[PDB]
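Visitor: one piece of my complex first, more on the way:
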Amino acid sequence: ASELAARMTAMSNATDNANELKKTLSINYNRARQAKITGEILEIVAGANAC
């Protein structure tokens, strides 16, 4: 019982920690997506004119 409860509190700590990690990684992925798409659009529009 004590071993399985140690494994269970490890699982609870790991699940909450992976929840924090998923939130922070989603934030990083969102700012990365916005940066990628914005850089793409700036490439396209700035190369459009070429005056």
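Guide: It's in. Numbers count the residues shown, from 1 in each chain, chains lettered A, B, ... in the order given.
Visitor: any idea how far residue A:44 is from residue A:25?
Guide: For residue A:44, the distance to residue A:25 equals 28 Å [CB to CB, to the nearest Å]. Where you see a C-beta, it was placed from the backbone N, CA and C, and this is true even at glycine.
Visitor: What strand or helix carries the residue nearest in space to the middle of chain A?
Guide: Compute the mean C-alpha point of chain A, and by CA atoms, centre = their mean the closest residue is residue A:25, 2.2 Å away. Element membership for residue A:25 (DSSP states H and E) is helix A:2-49.
Visitor: Give me the distance between that helix and the centre of its chain.
Guide: Distance of helix A:2-49 from the chain centroid (CA atoms, centre = their mean, to the nearest Å) equals 1 Å.
Visitor: With stretch A:38-51 instead?
Guide: That offset, for stretch A:38-51, works out to 27 Å (CA atoms, centre = their mean).
Visitor: returning to what we had before: are there helices or strands packed against the helix holding residue A:25, and which ones?
Guide: Applying 3 or more CB pairs under 8 Å, 6 or more residues apart in numbering; DSSP states H and E, we find helix A:2-49 packed against no helix or strand.
Visitor: For burial, what's the neighbour tally of residue A:47?
Guide: By the criterion of other CB atoms under 10 Å, residue A:47 has 8 neighbours.
Visitor: any idea how far residue A:12 is from it?
Guide: As judged by CB to CB, residue A:47 and residue A:12 stand 52 Å apart.
Visitor: again with residue A:44
Guide: Counting by CB to CB - residue A:44 and residue A:12 are separated by 48 Å.
Visitor: now swap in residue A:26 and tell me
Guide: 21 Å.
Visitor: now the sequence for chain B, which goes on the structure above:
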Amino acid sequence: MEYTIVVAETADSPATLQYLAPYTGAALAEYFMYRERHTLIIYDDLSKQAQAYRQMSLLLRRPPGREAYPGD
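Guide: This next block brings in chain B, placed alongside the chains you saw above:
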């Protein structure tokens, strides 16, 4: 195959024809729908169709938006 108009557009067809294919099949199924017949139009690769529109519009000097797809 008795009842299915396969509007084929090969890739070496120009940009206009790949752009126009969904509209062509829509105008056939639209007639068949207006004359009481249930139809089912299955497009193929709208990615490829809007990509062909992207080509023809970027050639036609229309200002591009996101992913260089044109305004409309």
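Visitor: Please re-evaluate the neighbour count of residue A:47 in the presence of chain B.
Guide: Residues lying near residue A:47 (other CB atoms under 10 Å in any protein chain shown) number 10.
Visitor: ok, now which ones touch it?
Guide: For residue A:47, the contact set (CB atoms under 8 Å, 6 or more residues apart in numbering or on different chains) is empty.
Visitor: go with 10 Å
Guide: When contacts are counted by CB atoms under 10 Å, 6 or more residues apart in numbering or on different chains, residue A:47 touches B:64, B:68.
Visitor: again with residue B:19
Guide: Contacts of residue B:19 (CB under 10 Å, 6+ apart): B:9, B:13, B:49, B:50, B:51, B:52, B:53, B:54, B:55, B:56, B:57.
Visitor: rerun at 6 Å
Guide: B:52, B:53, B:56 (CB atoms under 6 Å, 6 or more residues apart in numbering or on different chains).
Visitor: So it: helix, strand or coil?
Guide: helix (DSSP: H, G, I helix; E, B strand; the rest coil).
Visitor: Any figure for the gap between it and chain A?
Guide: From residue B:19 over to chain A the distance is 20 Å, taken as CB to the nearest CB, to the nearest Å.
Visitor: Same check on residue B:46?
Guide: From residue B:46 across to chain A, the span is 20 Å (CB to the nearest CB).
Visitor: so what's the backbone phi/psi at the residue nearest to that residue when sequence neighbours are not counted?
Guide: Counting by CB to CB, 6 or more residues apart in numbering or on different chains, residue B:22 is the residue found nearest to residue B:46 once chain neighbours are left out, at 7.4 Å. Phi and psi for residue B:22, reported as degrees, to the nearest 10, are phi -60, psi -40.
Visitor: ok, residue B:22 - how many residues close by?
Guide: For residue B:22, the neighbour count with other CB under 10 Å is 18.
Visitor: Chain C comes next; put it on the structure above:
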Amino acid sequence: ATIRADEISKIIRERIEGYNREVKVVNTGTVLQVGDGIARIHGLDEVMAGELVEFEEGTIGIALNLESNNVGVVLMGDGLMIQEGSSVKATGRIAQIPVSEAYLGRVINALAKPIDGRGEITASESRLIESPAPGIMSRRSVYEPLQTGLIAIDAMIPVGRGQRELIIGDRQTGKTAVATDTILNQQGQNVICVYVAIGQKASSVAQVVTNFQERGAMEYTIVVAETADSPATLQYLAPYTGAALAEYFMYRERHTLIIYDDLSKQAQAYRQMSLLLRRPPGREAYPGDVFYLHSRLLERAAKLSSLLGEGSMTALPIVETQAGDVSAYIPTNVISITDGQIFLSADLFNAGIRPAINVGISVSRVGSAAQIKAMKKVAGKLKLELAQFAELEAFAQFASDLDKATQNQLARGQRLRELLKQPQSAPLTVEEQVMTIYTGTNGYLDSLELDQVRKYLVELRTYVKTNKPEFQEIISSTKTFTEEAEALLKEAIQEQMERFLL
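Guide: Alright, chain C goes in next:
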């Protein structure tokens, strides 16, 4: 440009009638291509770079970029009801603004026009928009404190008059309650505040100006308000005109407090105003000029030395971190532009702490130099206490422990952090917050409930001043928390512990 703007047929007729003939148009120009809020004008060669040109309907236009023929201006009003071919006229004043001490209480629409409607404010102009920021010799190190009112801010992240201090946060987590609390606490000691709201849904700024009006701060404050539904150039100009309208009172030897609200929305108005110009953008499509923008804006808010009169303007800009990411573009920009950061975290405000200030990230670069000689010792002790508690809570000791917290520091740290929460728009005076800080600092009150430390300290606050004006006099005159003040405060809080027990 192959399609040059001064090549309209009607306009080039005017030049083609006289090749090398009778003299040019001195101050008469025909507007043309008045589109994306940026009109262009033929001729008008008298215009100074930065001159303030006028139109027929009565709308005002800054003349930024005059090319070879077209003197391109930036019309400040809405460019809707202007038609092409209309005449314009400059007035020979370089982007001026009429400003006076009649503005105290009004609601200005960023063109020195009152938007409350109840009267037209008169002034002696004397003030430009893009004036030079005070020189390096004119400025003096920040020494006088600012009673921000919020316990957390004025305890650990001190704001000093003359020290710009952004309050960066997240959407729908304070920053306007925090800004209006700073303004509201400035009731007693005279400062000519300027609450310039850039990006605010008009109901929010109407609610804020009404809250000012009813709680009395309207005797001094100035709400330079610009709705979210305002032309982008007005949302761009409103903080500059707020800075000029507060700088008029800064130059004449009087402390001021300006608060730019939603300075990220201002940079958003500028990226709009520039991507309409099709000038090339940078990261997140900001045109790169946002730094020089927030430079002209935020470097003209600091304390002038005794030579020009000991005046001051704390700046308290509010950059709204829409992402929750400190490492976005414009929050990083304003953090580099300002003397510190007061981070209003989102998760804490969702968790309950009503001034969501977390002292882990929020630092003040002016530091303990700007605090009072009274509060400095006890606030240093409190900051170290919060460091200890933050470690003991964020880290281990959930199992009982070797060191066995909740018996050394965890209970008192929880009591302190739940003491740091203020009620909504109820600022604490200087002596009040000094005593409140002292209470949990040295560990006087540790065996109450952590549930209602606030609900005890409301009684303590109401009691201490009515019982012992000796404390208020000690803090008000000498400005130093004496050992005698410590003793009389001990006796006062003892008698209040009695009155609380019964």
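Visitor: and the contacts of residue B:19, now that chain C is part of it?
Guide: B:52, B:53, B:56 are the contacts of residue B:19 under CB under 6 Å, 6+ apart.
Visitor: Now rank the residues you listed by neighbours and give me the top one.
Guide: Highest neighbour count within the contacts of residue B:19: residue B:52, with 22 neighbours (other CB under 10 Å).
Visitor: Kindly confirm my reading that that one forms part of a helix.
Guide: Yes. Assignment of residue B:52 by three-state DSSP places it within a helix.
Visitor: what's the nearest residue to whichever residue of chain B sits closest to chain A if we skip its chain neighbours?
Guide: Closest contact between chain B and chain A, by CB to the nearest CB, is at residue B:68 (4.7 Å). Distances taken as CB to CB, 6+ apart put residue A:44 closest to residue B:68, at 4.7 Å, once the chain neighbours are dropped.
Visitor: likewise residue A:37?
Guide: In space, and not counting its chain neighbours, residue A:37 is closest to residue B:66: 6.8 Å by CB to CB, 6+ apart.
Visitor: how near is the residue nearest the centre of chain B to residue A:43?
Guide: With distances taken as CA atoms, centre = their mean, chain B has residue B:22 as the residue nearest its mean C-alpha position (2.9 Å). Going from residue B:22 to residue A:43 by CB to CB gives 29 Å.
Visitor: can you tell me which residues contact residue B:30?
Guide: Counting by CB under 6 Å, 6+ apart, residue B:30 has no contacts.
Visitor: And it, how far from residue C:469?
Guide: In terms of CB to CB, residue B:30 sits 89 Å off from residue C:469.
Visitor: Any idea how many residues pack against the residue of chain B found nearest chain C?
Guide: Closest approach of chain B to chain C (CB to the nearest CB) occurs at residue B:63, with a separation of 10.9 Å. Residue B:63: 12 surrounding residues under other CB under 10 Å.
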